[PDB]
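One structure coming up, written as structure tokens, with questions to follow.
A, B, C, D, E, F and G are the chain letters, set down in written order, and residue numbers restart from 1 in every chain.
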Amino acid sequence: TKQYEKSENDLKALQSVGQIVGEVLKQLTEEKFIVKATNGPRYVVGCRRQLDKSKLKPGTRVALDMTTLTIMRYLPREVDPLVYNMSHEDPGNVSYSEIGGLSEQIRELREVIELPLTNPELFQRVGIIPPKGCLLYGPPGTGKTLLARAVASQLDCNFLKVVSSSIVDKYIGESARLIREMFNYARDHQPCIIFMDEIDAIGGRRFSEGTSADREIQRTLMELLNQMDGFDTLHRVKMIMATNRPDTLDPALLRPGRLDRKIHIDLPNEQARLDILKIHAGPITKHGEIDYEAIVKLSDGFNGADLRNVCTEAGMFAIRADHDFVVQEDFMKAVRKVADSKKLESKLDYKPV
Amino acid sequence: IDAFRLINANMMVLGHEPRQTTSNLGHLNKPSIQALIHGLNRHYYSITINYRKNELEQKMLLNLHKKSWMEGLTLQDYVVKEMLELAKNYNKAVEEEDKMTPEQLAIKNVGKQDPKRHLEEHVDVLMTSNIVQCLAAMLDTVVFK
Amino acid sequence: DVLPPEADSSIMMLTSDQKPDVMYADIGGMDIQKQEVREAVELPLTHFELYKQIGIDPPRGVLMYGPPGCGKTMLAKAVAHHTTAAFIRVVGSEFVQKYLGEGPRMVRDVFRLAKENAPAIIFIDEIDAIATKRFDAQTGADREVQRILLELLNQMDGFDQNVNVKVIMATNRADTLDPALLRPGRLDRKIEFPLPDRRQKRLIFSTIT
Amino acid sequence: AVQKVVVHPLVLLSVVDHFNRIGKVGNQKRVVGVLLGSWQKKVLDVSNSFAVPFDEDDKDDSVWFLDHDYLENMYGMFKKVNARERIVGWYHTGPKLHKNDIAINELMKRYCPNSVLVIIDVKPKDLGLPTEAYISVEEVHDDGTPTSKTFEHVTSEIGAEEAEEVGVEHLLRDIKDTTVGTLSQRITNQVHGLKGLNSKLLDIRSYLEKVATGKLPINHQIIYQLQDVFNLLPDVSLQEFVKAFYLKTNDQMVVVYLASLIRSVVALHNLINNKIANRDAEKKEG
Amino acid sequence: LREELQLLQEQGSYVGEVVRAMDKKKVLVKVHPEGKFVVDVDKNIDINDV
Amino acid sequence: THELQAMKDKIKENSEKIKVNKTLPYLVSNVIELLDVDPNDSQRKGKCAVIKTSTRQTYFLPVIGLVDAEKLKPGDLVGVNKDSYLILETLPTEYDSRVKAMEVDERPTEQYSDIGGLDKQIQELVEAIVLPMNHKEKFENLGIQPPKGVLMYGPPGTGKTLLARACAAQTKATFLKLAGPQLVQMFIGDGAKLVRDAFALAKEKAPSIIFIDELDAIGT
Amino acid sequence: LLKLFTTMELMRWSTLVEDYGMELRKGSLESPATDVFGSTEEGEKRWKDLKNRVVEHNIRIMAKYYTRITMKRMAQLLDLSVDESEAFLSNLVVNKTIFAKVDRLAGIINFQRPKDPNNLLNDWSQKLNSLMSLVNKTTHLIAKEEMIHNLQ
């Protein structure tokens, strides 16, 4: 029962008041150390006898006391968006080769990513600069989020994710230090891979500057433009971006450097649609008599999200008939009808609104 | 430290101005310690603090403190010549910058605001600097023979 | 007691001298650009006794504009490999922070390293971000940093005449620039980076091969 | 284990003020109390403590009583006000310990793994830095005795702390501070020879005393082993400095040169500026 | 100076800005980082002198 | 073995000192996961964490004490009391202010039987919402994914406001009122905070029904 | 093999040829003596290198012991000619493993120390080391005085 006495004595040590944290700036002398608290005041204070030479550091966060503001222990500094960035997930592996097309985009994205990791020798011996970035835009077909994130999730602890909602951040919020942090940790984990999706809102041009909120978009831009075209070495880390249209990217992003390789997604083709139907027919049960050319021919110019989810819509029409294994006749009904209904809903392609 | 005592607020009908023996009263009223302290003199009054003789232990308090503060044994401390290279930097590099001002004392003459005394405090520092190094060199002839 | 003073927590300066950056062998502007850069950039480093003889002010002003081609920072890195110098590598938008009180310290410490010691060439890339003039008070964080740009615009007048300072500058938009920036008396030398066109093709194909 | 300890003047007076307790009421024995230590590192530090009623009979020289009811509840009183503060052992004013102290330490080893007793001095006399520190270990012995518990001397040094110098350093007021550079080093030179050569003469007289009687201590061997470390140079007549002679004045080389060179410039600052400023005010006044 | 430093010690001697003067004997005082405060007599600086 | 009660009294009096630590915090903190051990320079080992505040300050205190570091990934809304700077318990629920709960609705009065001529096209809406409820066990057998987003449009009045709301009574799921303008606020990035806020309550409150109106406006 | 590395000192080089000359007859396994001492052109290069290993391992410890030495004493210690000493002093000095001052006119040669320009080092080594032990006397001397007086 002495564990209670042990537990309460540990809570007696909890009577010790907590301290405050700050960032070291410089040092005037041994008895005065410039430290900037997270609030922004800067103090020059002494120190106690329990610390070492590793406490000083070149501008690293420290914990200031609440009385004399002296430093107790030092800890590594992070603003910690990254743990939130690593909270993503995705199956595959397999989903790499499941899309089926285009075969040239399947093989190339495997090279520019994996080859610099395993074989740097080809770059240094031939004397060529490997691509440090890439651009995958849409939606002329699917595979943007599927193929890129598959290698991401398979690369495990080495990856960086960016959602377009985190750039605006909060009122009078600072995303300029996020752009510098995103590329700072990109230079830590190697090779790092960064995904930026739906940049049309956060890629704001400075031609027409609305209200007070367009400039803070330009600030996040110029922070991206500086480090991607640096002057700061990104050669080992790979970057990826995504957008609906490259209208607002400006000559800065449309240029090479910051955006290196722009690979346009291609819609599924009758030859390639035969492969994507094989992977769709796996999870769904079918009748013993099935023809893959029937579904491929009846559905043309449809994205992979259209084909899959309508093939599940065919299963929802199949459960309307309660049959477990269903012939493709009931499928071709639900596949053609529901898909042709989707075509009269959204205008594009080809006509803009 | 500090000292205070609460005077009864119900005494408002009676006089507020004791006590006798104005000696320790006038000395306690000064310095008057800022304002809010005297602003709290409402309902309160301070009180003098003196030390009855501890000199039995107070004699050892000075003895125990200085005996451990002198070279730890008074022996153990007897930065030396390396500080002299730093000293002769403060005896030379600091000298020429301090001796430009007597050239600035000559105007000449006289268009600049006078008088200005540049003598102190570095001159007495150079005095003690050589007093240190000479009595530190005596450590050779003191410990030895 | 005050500081020495020092650069405090601003910038932070130096970081250019780590080396290397970009070799000037690619494009150094041989015999054409190295001439105009000689007299108007690297001669102002000191050349004290020569300027009193001619009586003409070699102003700090170096303007760059019109990418493509890039140029710009490469020209700052090209001189870095010519003579050893401490360069200030910054952006227009990076020094905007949650505290506007540091602003008066920044331009002071940035320009105090040019006058006291002069292996110094200061480079600021794409000033058109802070060159945008925003009236609203909630944007005063932006209104303060263009005063920062105008404060260093005053500090360049405190230098002349003459010794010593050098400031090179590059931006992709010259329309948003304040008229006081390019007004005579401050920047008297504007070198427009020419469009590479056909002449730099065989030049950039020679350095890539 | 415990290498060195740090004893503050605050806890020391907590032994001294209790000497005024049992001093006026009597009678025998001395001041004995339980020591509250603070361990932040291998170096030991002591801040506060509490004095406990204690008595030791003479006859009956081995009889001792600590009060554990005062040791238990008051610890919780101090544990509540100070969590890091805990009892590191006991203490007493000596001046000389008795063999019964083996029982006092072994009884309190249930509270702390190793109890460090501190012998203090209420009236400072001789010969030097006061009080004392002992640690309880078992060295057995070389002669074949049963396992022996003998307290080994621990180097003790006084130390200061923030906010505790308010009243302490104010009450004295009679000391001249420091003053480093003039009288500070030269006073110790008269002391380091005094205190150095008296313990010398005191120990060499005891070494001669070991021949007559008092053997053992044999010692062994620490007496002569550490003496021969002193014997790297004796130094004996005369000084054997033939190699260190030309080097001797060579150490006085820079000292005399910096003296004469700077004093000549200090004179140039003293003589010139004085005659200028004096001729100014003197002749222009009348 | 040590006695003068004491008067400046506790919170420190600040610099106020008077935006307007009031007939109520209180004087508005504005601190640069903070807002606009107010204070009464102040018998050294007269009301009409503000 | 009778020392228990006297020892049990001090844990309640120390808890009584926690009961004065219960009343009352003016400070709420955000949590940061940290592991720190400093060799000296006998040895001091342990674990410490970083502590934010609602006043924008960021404090430093050892690992709590009470609730250990086993839970959880860094959160917010942890009670920190005055200058003591100790977190006794981590209190729910999520965050924050009026972004937390938009509006709590129970059931509509009307029913889906008040319409006609839409019978074939209303079932397409009735199917997709009803099928995941009961038939989810049948979907796991056939590997079928239920629909999620559904669009309801027509020249007004089409009755879509009350009709799509009347479907919440048949599905038995909790209804939460939402709209396009409801996702708009004064500051920037607030819309991104609202949508991530509803799905956090959506995952906790079990499958439910959330209806929005005029998505094309905000979707332009 | 390890005895030459630990504690160094010296040995008769022919005794090393006695131990490593019998390893050709040793075996069982003759392969260690094949790739090393079995090759005529490769072994002679390793034989002269073996001479370079035994001479350089001595120069390293002699650099610690010098101070000074006479050139004639170096030949009898290295068990080779004075001309071979200059050859072994030539190839080792360009490797700058040991700084040396070679004076062949009087025969006196020394490995370091560079003319001893320092002064304070002699004052710092003497005073600190010695006198701190002299002031540490009173520390543990009165402690040993307490140890002996608690008994007799």
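Rule of thumb we're sticking to: contacts are C-beta pairs under 8 Å (C-beta built on N, C-alpha and C of every residue); 3 or more make two chains touch, one makes a residue touch a chain.
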Exercise. Quick one: most central chain, C-alpha centroids?
Worked result: A
For this session: Taking CA centroids for every chain, report which one is farthest away from chain G.
Result: E
For this session: Could you see whether A-C or B-G has the larger number of C-beta contact pairs?
Result: A-C
Problem set entry | Centroid distance [mean C-alpha coordinates] between chain D and chain A, Å | 65
Seminar exercise, completed: Chain-centre distance (mean CA atoms) for chain C and chain E, in whole Å, is 45
For this session: Could you put a whole-Å number on the gap between the CA centroids of chain A and chain F?
Result: 24
For this session: Could you list the positions in chain B whose residues touch two or more of the other chains?
Result: 73, 75, 78, 81, 139, 143
Exercise. For chain A, what residues touch not just one other chain but two or more?
Worked result: 13, 15-16, 50
Problem set entry | Junction residues of chain F, two or more chains touched | 10, 40-41
Exercise. Among the chains present, which pairs are found to touch?
Worked result: A-C, A-D, A-F, B-D, B-E, B-G, D-F, D-G
Exercise. Given the complex with chain D, which residues does chain A contribute to the contact?
Worked result: 9, 12-13, 15-16, 50
Seminar exercise, completed: Listed in rising order, the residues of chain G that touch chain B in the complex are 119-120, 123-124, 127, 131-132, 134-136, 138-139
Problem set entry | Residue ranges of chain B in contact with chain E within the complex | 31, 34
Seminar exercise, completed: The residues of chain D that touch chain A in their complex are 40-41, 79-80, 83-84
Problem set entry | chain D contact footprint on chain G (complex, rising order) | 119, 122-123, 130, 133-135, 137-148, 150-152
